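Student: only geometry, no sequence info:
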Ligand SMILES: [Zn+2]
Ligand SMILES: [Zn+2]
Ligand SMILES: [Zn+2]
């Protein structure tokens, strides 16, 4: 691979390096072989990264992966959008599946979900569009994230 | 025009109706299956058939009048249809004699289960560990030694395996084996004996959802706006013939048939 | 052999532990950490080469900025046994040593195993916690990796101030698992918060937080 | 599936992004508090080239007759040769640049220099050069203090968070760290005088426009 | 759960959502024969009128901003800066 | 077809057009006006001037909310099945 690295005089310069690419993963055991640089070892299995390096590494790797999928077909998406996804999937300390599967509130509306709501003593914060529709109110998103009221000190 | 401050709803707290609160809010004790008159009980003062008037109850409507709740006092307790699976699972965790949770902080993997944050995830895990427990153990290994035992509160008694036989729950004991339906009244008492801690562990809420309320003792009766039928009429007729059977101290099987007739109606209601 | 690929694995692990112990706030000198394969080869030598572990073991004392901020804490005993699998007997001599020194932490570094039967002597002498490590997962210092940002343990004071000014309940912070390799490395206890300082392509520097579950 | 997982995330009036339970997801949105629609690829100069190139570009050494500011770039250009007190100010600025270059070299390890950032300084400057019909063949009436103090003060005003405590104040310092690198590299004294040739008037307008475009770029509470 | 006029840490800028909802709320009232507060120098469209009022800082409404934890800051439309 | 389904709902959320969202997704079901207890939070209010819960035993902590009639029905349906849908004008 080519590697952009600063030179003794300061400019980036291409320093090519030999790299090993493998089929199959054992991060914990490879990481440890002499002659490698274990600070740079990588894998596309963000699960293994989170298990050896921890979620914060798990997070960054998960970003690099979602990023590559998008970049793979030439397209570019601002950082914060994938940053946000990656934080949601990571915020409870492990890797939460997204697509999987997976209020109130209200399509089926499996009475069975309300039964568990009842037995669980579940508290609906009512921020969704849907529970606000059932209640005939404006949802506290965007244009309704605040109240309006009459001023009573303007001349 | 209404005196009351106008507001939007910000929160909805789900919960189970206690029997005390259902009694607390009713506008009429209800118990004779008839709608001259009027208007036993039922339908008072519940009320306002159509129009005029004007309750009671209250004073509008119809169309302004919300509708109000009555209650029926159930001669025996009955399962709530929706909660049998839960009721069964809880029984599979609680010791069926003394009410104590079958595993606790002393157990290796029960500590891991108890830590779980989401109360459905936690209940899952606690049930997974306890459906195995076949004894309410008086004493346990701890660390340490074993040799050294450590004591808990309950109790000694053996646990049943529980099967769902339609609307009844069936027990199976030993260590050939002893079968016995587990009656509603019995589970109602077990549940009542489960601690605030133990039932919170288990995803219940001491204010909004105690497990005993999964067992109905007191039906809320919906007002005319809710039924613009007569299933309640049949629930009543079963309830009647069950009271008029204890009053006659008639044999165990007779009380039980009329008990599961009532179960059948509160269930299919519902 | 190449039990010299083994002196290496042991020496690297000793290094990690010294770094771990250092980043936890204890007084190790950078000169200490940087102990050459050869000086190690000598200071813990037996000839014919070999280990040997028991000699490696060492006490460890908080620093002055440590007890500036976490005044409480205490001192620490790191131990290297010495026999591949650790039964119940050889754990108690450790468990008792810690005890009879009021050591607030013991780290036990083991080679292959402890029995699932000796692991129960662990949560056994409160408040003093006892932690274990496979030398294997000590041979490399994970926190030195490119993708591992700097986790700083917050004092319960800094914690209070954090929750107060974002006006948060504990349950609203992002979480870190008690057994996250980085929590294990800093020795996080349930309820403690880390400040994570990461470099960021949008703002250069961004600090987030995780509370230990 | 993606929509369902994220659907309830919203920016709140304290600049945090939270879900419907109110759990924190990012302490500030995008790690910089900005709206992606006001953000554009801009070059972090500070980061490329040799050291020789960097020194030649940024260094002002009033105490050296060769690396000082040419009297022609500046009205006070000859009153300023030898000015110790002013060299102290110019050494703060250079060190801050050196630090920044080092820092940026950590964040973008491969030396990539173009990164989406708010406020296009280059354009604000070409505007100023046009609006004020900037005579490239005359001394500026900008003093050294105007620039160095001017630019320091402007950073104090790029607000993303407003709370008056040690924690929010740090979060704020972090939020504009990368932008301020860009800013200090564009508004290095020498660069202003020799390359841009701004006048006291044009410069003052560049500053306040950066401030206005900046505040205009902050994400708005209520954004889904 | 109410935070004094002198300790407001939220933005002194009106958001694009605030402006939309304010303009829409006044529009509705103008659209229903509610008294008006400026010289309509030709204007007959409630939203255009509503915009004239905003411009000239004569909309007597207050925005109550809720913090995630339930507390809230009050800013008058008159007060808030309108640059978007 | 002509439709406003899940994906159009999402665009309007992305725009934060909440009034439009309310108006499109609602109904002629018009505001039924009910009274709710401030302590429990059920439609148990006997509302001459004119109102008490029992209770609760409440006479001076009462509100008034407009909700779609279907809502009022679905909440009573819920109550009739021993579930309490408690409505609060608050946050815990
Ligand atoms: Zn009525
Ligand atoms: Zn027992
Ligand atoms: Zn009440």
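Tutor: Looks like it came in fine. Numbers count the residues shown, from 1 in each chain, chains lettered A, B, ... in the order given. Ligands and ions are numbered 1, 2, ... in the order given.
Student: separation between the closest residue to residue B:41 other than its chain neighbours and residue B:232?
Tutor: Using C-beta to C-beta, 6 or more residues apart in numbering or on different chains and skipping residues adjacent in sequence, the residue nearest residue B:41 is residue B:30, 4.9 Å away. Where you see a C-beta, it was placed from the backbone N, CA and C, and this is true even at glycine. Going from residue B:30 to residue B:232 by C-beta to C-beta, to the nearest Å gives 8 Å.
Student: and for residue D:39?
Tutor: Using C-beta to C-beta, residue D:39 is found at 64 Å from residue B:232.
Student: max-length helix in chain D?
Tutor: Identified as the longest helix of chain D according to DSSP state H is helix D:84-107.
Student: swap that for chain E, sorry
Tutor: If you go by DSSP H, chain E has its longest helix at helix E:16-30.
Student: which residues sit in contact with whichever residue of chain D sits closest to chain A?
Tutor: The nearest approach of chain D to chain A comes at residue D:30, 3.3 Å away (C-beta to the nearest C-beta). Residue D:30 is in contact with A:78, A:79, A:80, A:83, A:84, C:202, C:203, D:36, D:219, counting by C-beta atoms under 8 Å, 6 or more residues apart in numbering or on different chains.
Student: apply 7 Å and report the result again.
Tutor: A:79, A:80, A:83, C:202, D:36 (C-beta atoms under 7 Å, 6 or more residues apart in numbering or on different chains).
Student: out of those residues, who's nearest residue D:204?
Tutor: residue C:202 (28.8 Å; C-beta to C-beta).
Student: from residue F:42, how far out is the nearest residue to that closest one once chain neighbours are set aside?
Tutor: Distances taken as C-beta to C-beta, 6+ apart place residue D:32 nearest to residue C:202, at 4.1 Å, with adjacent residues excluded. Residue D:32 sits 47 Å away from residue F:42, going by C-beta to C-beta.
Student: the more surrounded of the two?
Tutor: residue D:32 (29 against 22; other C-beta atoms under 10 Å in any protein chain shown).
Student: doesn't residue D:175 make contact with that one?
Tutor: Yes. Residue D:32 is within contact range of residue D:175, at 5.6 Å (criterion: C-beta atoms under 7 Å).
Student: for chain D, what spans make up the helices?
Tutor: Going by DSSP H, chain D shows helices at D:2-6, D:51-58, D:84-107, D:121-131, D:144-155, D:166-175, D:177-186, D:189-190, D:200-215.
Student: export those to a markdown table and tack on mean neighbour count?
Tutor: Converted to a markdown table, the helices of chain D look like this (neighbours: other C-beta atoms under 10 Å in any protein chain shown):
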| stretch | mean neighbour count |
| --- | --- |
| helix D:2-6 | 14 |
| helix D:51-58 | 16 |
| helix D:84-107 | 16 |
| helix D:121-131 | 15 |
| helix D:144-155 | 18 |
| helix D:166-175 | 18 |
| helix D:177-186 | 22 |
| helix D:189-190 | 22 |
| helix D:200-215 | 18 |
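Student: find the centremost residue of chain A, please.
Tutor: Centroid-nearest residue in chain A, with C-alpha atoms, centre = their mean: residue A:86, separated by 1.2 Å.
Student: list the contacts of that one.
Tutor: A:59, A:62, A:63, A:66.
Student: now narrow these to whatever sits close to chain F.
Tutor: Among the contacts of residue A:86, proximity to chain F is found for none (C-beta under 7 Å from any C-beta of the partner chain).
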